[PDB]
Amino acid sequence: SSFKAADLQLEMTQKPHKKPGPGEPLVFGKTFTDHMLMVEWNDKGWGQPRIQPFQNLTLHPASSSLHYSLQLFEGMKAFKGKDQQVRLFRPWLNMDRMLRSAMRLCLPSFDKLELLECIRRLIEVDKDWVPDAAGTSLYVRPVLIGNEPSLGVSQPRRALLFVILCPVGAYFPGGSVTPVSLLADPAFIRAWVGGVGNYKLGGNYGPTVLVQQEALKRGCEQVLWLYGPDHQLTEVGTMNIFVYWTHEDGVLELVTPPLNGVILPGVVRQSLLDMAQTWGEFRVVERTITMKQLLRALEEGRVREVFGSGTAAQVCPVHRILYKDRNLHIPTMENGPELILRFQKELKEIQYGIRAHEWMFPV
């Protein structure tokens, strides 16, 4: 059986931390709120969920979370409207994804709606920490880790679920959208079919640090993850990739790679697909995109916009790709970027409550 939100214990902080305040820079994931959610799992099942003061974790040196990466995480945002109302963006999908990640690592199952209610209560306690300035939000970070005090590679008989919160600034401060340049080198592979790249597991990220540093040395901001001998475009850093172009059959379309096992099923990715399909102005498809297809479309002037999608960036433009020592210029910014700006505006209006929408979950 799962832990219940009705069994939630609340321990308030005796020493509250000084809040950043409007005007001061909010660097991504470095500032933390006053409280955290904590739920323990053992042989007898789940314990009662607790909202306790922000504090360090006490782990046994042999904890399987530190030796065999029995760890997963989620990432979603809570937004504060001008009237101080806080709302979460499609959290049910993050709960769905978190459970799939738990099953892949043989970690304990939980009830998705009970966890969501526990998270709603946590954000409610720390509601004053959610910033209200343009483009700002509260990043919610749920984590489930194996906590077995054994060096055997096996299913944990002990686990720990915790949630921490971070007030974060605008990804594009000032409102102006800025593009990223990408390094596309086939020597670096993020995931493989039959692997775990389609799950938000800690293991998929650590190996990317060295690759990102190589991208920075070569003058690029992020990595374009290529897959297969045909160099299929999969991800842009930790974002899903979208290409807005006129296809080889002459039809205007928005394309993104299909969920074949090497793509992480993003919540923003699904939201852009749902939004574009509702408009019905162009074809919306999930199909494999190769470097040779992109190269042919660029020389024929068929590419309008290329972008990445994700919780941190929302919609991020791509203007340059460094491939085979040659610089490929993508006319994303010269085209507005019309579609990116339209997606950003509509997401902003839904997120900050300007538009009523079923996608938003009130806190």
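Each residue number is its position in the shown sequence, starting from 1.
- On average the C-alpha atoms of 285-293 have higher B-factors than those of the other stretch, with 234-242 and 285-293 being the two compared.
- Between the stretches 5-13 and 337-345, it is 5-13 that shows the larger average CA temperature factor.
- The PDB entry assigns the greatest CA B-factor among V251, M98, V86, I263 to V251.
- Highest C-alpha temperature factor among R104, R90, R218, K200 per the entry: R218.
- Sorting the modelled residues of the chain by their CA temperature factor places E40 in the highest third.
- Compared with the other modelled residues of the chain, the Cα B-factor recorded for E74 ranks in the lowest third.
- Looking at the C-alpha B-factors along this chain, the one for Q48 belongs to the highest third.
- Ranked against the other modelled residues of its chain, the C-alpha B-factor of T278 as given in the entry falls in the highest third.
- The deposited CA B-factor of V196 belongs to the lowest third of values across its chain.
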